[PDB]
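*Asks:* Handing you a structure now.
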Amino acid sequence: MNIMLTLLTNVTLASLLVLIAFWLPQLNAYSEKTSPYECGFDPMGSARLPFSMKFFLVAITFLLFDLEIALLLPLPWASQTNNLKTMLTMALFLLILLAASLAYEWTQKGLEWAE
Amino acid sequence: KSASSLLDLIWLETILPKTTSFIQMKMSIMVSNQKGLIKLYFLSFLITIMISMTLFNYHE
Amino acid sequence: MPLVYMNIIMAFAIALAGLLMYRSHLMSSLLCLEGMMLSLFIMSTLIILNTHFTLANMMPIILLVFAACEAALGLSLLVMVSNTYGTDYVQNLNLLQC
Amino acid sequence: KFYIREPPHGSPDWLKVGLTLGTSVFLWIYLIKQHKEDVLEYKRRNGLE
Amino acid sequence: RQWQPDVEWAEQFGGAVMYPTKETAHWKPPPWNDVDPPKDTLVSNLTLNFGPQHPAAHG
Amino acid sequence: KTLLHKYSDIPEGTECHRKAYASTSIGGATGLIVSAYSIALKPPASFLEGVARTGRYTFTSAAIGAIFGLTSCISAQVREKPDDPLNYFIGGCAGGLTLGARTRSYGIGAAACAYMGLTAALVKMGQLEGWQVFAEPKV
Amino acid sequence: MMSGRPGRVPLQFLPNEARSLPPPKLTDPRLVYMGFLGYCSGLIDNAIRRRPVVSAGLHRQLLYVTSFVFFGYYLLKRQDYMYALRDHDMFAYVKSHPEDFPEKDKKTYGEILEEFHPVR
Amino acid sequence: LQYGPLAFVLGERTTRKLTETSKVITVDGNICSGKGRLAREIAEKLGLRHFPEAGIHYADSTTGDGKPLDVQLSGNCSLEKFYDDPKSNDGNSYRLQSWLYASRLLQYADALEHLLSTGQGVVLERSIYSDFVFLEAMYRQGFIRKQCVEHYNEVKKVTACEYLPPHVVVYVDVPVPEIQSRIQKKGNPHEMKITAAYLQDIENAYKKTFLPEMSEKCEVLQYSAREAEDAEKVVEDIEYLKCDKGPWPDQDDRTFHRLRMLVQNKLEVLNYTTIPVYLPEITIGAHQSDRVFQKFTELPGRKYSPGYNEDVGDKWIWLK
Amino acid sequence: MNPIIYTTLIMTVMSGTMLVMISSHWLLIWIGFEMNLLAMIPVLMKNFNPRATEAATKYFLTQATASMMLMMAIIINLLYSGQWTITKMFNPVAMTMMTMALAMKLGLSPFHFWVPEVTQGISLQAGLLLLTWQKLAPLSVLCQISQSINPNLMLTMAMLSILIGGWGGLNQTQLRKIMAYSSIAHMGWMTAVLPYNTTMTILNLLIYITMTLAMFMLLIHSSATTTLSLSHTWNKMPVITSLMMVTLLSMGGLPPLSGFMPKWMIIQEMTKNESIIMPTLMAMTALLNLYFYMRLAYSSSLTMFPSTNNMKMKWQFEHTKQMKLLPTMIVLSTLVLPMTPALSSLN
Ligand SMILES: COC1=C(OC)C(=O)C(C/C=C(\C)CC/C=C(/C)CC/C=C(/C)CC/C=C(\C)CC/C=C(/C)CC/C=C(\C)CC/C=C(\C)CC/C=C(\C)CC/C=C(/C)CCC=C(C)C)=C(C)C1=O
Ligand SMILES: Nc1nc2c(ncn2[C@@H]2O[C@H](COP(=O)(O)OP(=O)(O)OP(=O)(O)O)[C@@H](O)[C@H]2O)c(=O)[nH]1
């Protein structure tokens, strides 16, 4: 209800903006406008070719770190436990493993944006 | 023409040895000649899933 | 067993079909594979929240953490076939034949 | 001699043969002491002795 | 002396699969390194024109 | 398995036609299984010739099933001895002859009148004497 | 015939109550064969390294025959142990279930009516 | 304790040894171009270990006592007889070529092993990426059949792939009449009857193929015999090189570890030189194989492992 | 491949299997399964050739799908019983689902087309790893759940396993491929007796394991991948090829060799339980294995094969990599029949 009502209000409002944006103005609709653009020229025969890249490794280590961030998210609730000593050691283990993964990423090129 | 050749060297060797060897012939190249496409292998997994699931009804 | 269970089980069944019945794409297939675990994640959370299985509340994220790891390598494998072969289209994916 | 390269096992590797013999002796006396205490334990367990 | 396998006797296995029917003919044996001959050169550096208006060059 | 029971329920001889119909259905069932395997592992070119492959396989298997059923029950009624391995033999290996005719080779049909016939005799053998092919864990 | 036996301590080679059984004799024919089983391992080893098969490094042969005969000895106690237990709860189950094992009556051949088959 | 995984684990790093004195240089050129003299003077001038051209008898020169074996016991081919008859096609031509190629493979293997274990640049006479010229020319004169040629190319792709190349190669270019004059000067009658077609032909196969197929991965400094007699300039400009092209400038300690793993075990270095394909000249008969076994196994120091051969006078075998 | 990295891949694979055979919570079993999956993909890519990439990709797809169906069975028996403890299933379709999920990881049913190919792709050491260690976990799970497995399902699945294992290897010359097909046959062999009594499938697992190390270590002691390549090795290593032949005899199960003992034990217990038709099928079809076993033997040792001229300088070089355990590895896989009673130790 309430929350869902706010989400509905926002999405419909956004859609009205885009509808007025895309419908209200008038265009002559001539062909040569469709020619694509690159700083004065057009993007020749590209802008969809497979992208020979290197920071793929950074992109994937993002996800691998995101899993561990999800793992350590429950911490504020976890600090409210009786056996605080075990929670302390084991959370510290989790952050140490974060740091160790980052360090192995570091020395073995890895997070070093590939060339 | 009856004891040798036709019986020993034609018939008995044809029936047990050569016919069974030909069966293994004909069923080794229709078993181990898959190209290596993951698709057709996966649809082999597919129809097996239902044959195990509903057709035979292993659970029933 | 109410309709929510039917819906997520049925979603898993079609994810099984979509990933396993390959059409032509490796990336889209592993995409269907990771949607598979989404269906299983929702399904698992359902009983666990339903039955007050307080400990098992941590099983989904655990179940989550490994599953993305699979995709973490899957797409990682995808680039390794891609740079040499050119695409993820699995019909040229035939060199290993005999 | 002969082969100009030094043979890989052309010298008596004294330490390794030493531990091999020491082991074999250990396994042997552990074995027979084991057997003696099993037989004595058996006789004093089931009422033989 | 006895008989040892001739060159042909070793040849009959050969041929990747040694019990071939028809399509097995088009089943070239793999190389000894297990690495296939590197395929069509995809090495490219994706030419960029970087212009020509490009007002970040004094125009 | 209810399709298999559709054959088991009908005794040999009595109501021969329904037994033959059950045998047709079972032959069609194994036929559609093998046609699915062929259509799935073996890649065709066009949908029409693919379903043609399935049609050949299914119509064959159904032919063996049909003649096996009808001949088994007629052998069971004319000699009024349903408990007979030959009752299954004759119809089972006439099925082999028909299979060889389907693949236009009477040599493999004659070779089949051995193997299909003997196997039908053996399944009859087991059904009479309770011979188990998939024995349950018992001891 | 067993892993669900009551009081079965896991990852435990030789249980304490096994010692009530007769330990295998040092001259057990099985044990001495597995000592001979040690020789085959030693003789092959020299053959693999194209060393003099008959007398290459008797030190290697010694551990090969002594380790094999040792691990054989402990295995034999466990071998006898399980066979003893299988025969132990054997009679316990039979004694505790007299009905399932009726005392079959013994009748001499003078009372049975076995029919002789003329084999001509 | 040879170079093992434990070696790399406890801290054996090759990269702590490679310096500028780690150049794999090869001297190449026509037959008797004087390139051996150039290799000798380059090796002495720059403190680089010299290796002689691996011929027929390289296996014994690298293993065993070092004393040459019999031709039947080692190679079964004669370059002298190849000169005597290169068209009989009894096998000497292509068997000679294949044995030379695989001896060159062993030579390169021990050269790279010496460099990786010590750190001293190595100078060779011809290498894997160079010897093909001869066979190509040998095929132009018809001394080698087409199937032998394509098998040689197959084995060259199969063997040279794992091996990263030299650093630089000095080619002692010599005109054909000068080469004929040199072979006249030598005096060994076998190398008289060499066809000028072959002499010029290996020269084209070098010029149009070896330099442009090598130059991308390695620096070319082809020279003439007028210069190759002068030892100063040849090594001065070799010193004055960037050595910045090819796999050599870009390979870490891991590739070094894998290379040293491979080279120190010569058995699989030439694994694919076993030629798992049957060709007439290359194939040796089964009866012949067994007999040449029975006349090699009893050869001293070849029946048991080194240090285990009692026939030659080993000791403490019973506790060995 | 950094040596230490390779070691840490070793032990994470082994720990993934250990977690499988020591854990009781079902989720932990799954976790061990994917730990092993995630850990074995890089070692299969050690050589880094496109064939290796192919094999690794096929392994990844097959095993990931199988583990996802494993979680499906997991979720279903949780839903129908609310108990993560590994025991007899309480929902039938969950049991079946787990059966095919594990089988795809084992290569038993039509879910077996991956293993011959992946074995072709990778190096022979990775082949030893794949066909020896990556069976212990699925076998252990199948042993723990033997209380409720559909006997029809397991029996037919083992039957196809052995049957296409025998037939597929006939038309294969690559030693890796025929070894994969032989392993499929042995997979069917143990999985046939899996429902009846798990001690015997454990014994057959042990014998197949020891035979497989005794095999693969001989291969990469001869450094051969094709039948012709092995045939050329009749020269350099006559002792290695003779042991090649004797273990190839132990392959099929010719008495009194070791390989006969598991067949004998499996058939005897199958007959103890009124399954008399069933054992005769594998008893006959083992001749299919023995066929290409005999072909390999003929190419290896029984008949001399034409060697090569260059091959003679190999005579000058000795195998330096010791590849330890090979002698006892051969011996345990050849002469253990007079020790058959020791099977009671596993029980
Ligand atoms: C010699 O060598 C040289 C070069 O190289 C070699 C060079 O390189 C260059 C090139 C350098 C230059 C061009 C220098 C530019 C210098 C300037 C002074 C110009 C720029 C000035 C600025 C202040 C910078 C402004 C930029 C900003 C803040 C951000 C830049 C990034 C962007 C993405 C912005 C781009 C522009 C956009 C998006 C357009 C703006 C659009 C809007 C503001 C939309 C507004 C909409 C609304 C308000 C909607 C709501 C409306 C209402 C009424 C609300 C009520 C309505 C309701 C419905 C409720 C030169 C010249 C050169 O000499
Ligand atoms: N067939 C063949 N012969 C080769 C090959 N490489 C070298 N040779 C022969 O090696 C012999 C020696 O060549 P060189 O070293 O150039 O001649 P040289 O007379 O010793 O004089 P230097 O070059 O000064 O050492 C010649 O007979 C060559 O033909 C090869 O790849 N194939």
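Determined via electron microscopy, 3.4 Å.
Positions of Cβ are set from backbone N, Cα and C atoms, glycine also.
I grabbed these lines from Swiss-Prot:
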| type | residues | note |
| --- | --- | --- |
| TRANSMEM | I:3-23 | transmembrane segment |
| TRANSMEM | I:25-45 | transmembrane segment |
| TRANSMEM | I:59-79 | transmembrane segment |
| TRANSMEM | I:89-109 | transmembrane segment |
| TRANSMEM | I:149-169 | transmembrane segment |
| TRANSMEM | I:178-198 | transmembrane segment |
| TRANSMEM | I:200-220 | transmembrane segment |
| TRANSMEM | I:237-257 | transmembrane segment |
| TRANSMEM | I:274-294 | transmembrane segment |
| TRANSMEM | I:325-345 | transmembrane segment |
*Asks:* Could you check if the transmembrane segment (I:178-198) is in contact with the transmembrane segment (I:3-23), meaning 3+ Cβ pairs under 8 Å among residue pairs at least 6 apart in sequence?
*Replies:* no
*Asks:* May I ask for the residues of the chain that lie six or more residues beyond the transmembrane segment (I:25-45) and have a Cβ under 8 Å from a Cβ within it?
*Replies:* 6, 9-10, 12-13, 15-19, 52-53, 55-56, 59-60, 63-64, 67, 70-71, 74, 77-78, 84-86, 105, 118, 121-122, 126, 129-130, 134, 137, 141
*Asks:* Can you name the far-off residues of the same chain, 6+ from the ends of the transmembrane segment (I:237-257), with a Cβ under 8 Å from a Cβ of it?
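*Replies:* Contacts with the transmembrane segment (I:237-257): 182, 211, 214-215, 218, 221-222, 230, 263-264, 286-287, 289-290, 293-294, 296-297, 300-302, 330, 333-335, 337-338.
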*Asks:* Within the same chain, where does the transmembrane segment (I:149-169) have neighbours whose Cβ lies under 8 angstroms from its own Cβ atoms, ignoring anything closer than 6 residues to its ends? I mean 6 or more beyond.
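*Replies:* That would be 92, 95-96, 99, 103, 107-110, 112, 116, 142, 177-178, 181-189, 191-192, 194-195, 278, 281-282, 285-286, 288-289, 292.
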*Asks:* Counting only residues 6 or more past its boundaries, what in the same chain has a CB within less than 8 Å of a CB in the transmembrane segment (I:274-294)?
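*Replies:* Contacts with the transmembrane segment (I:274-294): 155, 159, 162-163, 165-167, 169-170, 172, 178, 181-182, 185, 188-189, 192, 196, 248-249, 251-254, 263, 266-267.
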*Asks:* What else in the chain is close to the transmembrane segment (I:89-109), if you only count residues 6 or more beyond its ends and a Cβ gap under 8 Å?
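*Replies:* Apart from its flanks, the transmembrane segment (I:89-109) reaches 33, 62-63, 65-70, 72-74, 76-77, 79-81, 83, 115, 134-135, 137-139, 141-142, 145, 148-150, 153-154, 157-158, 160-161, 183-184, 187-188, 191.
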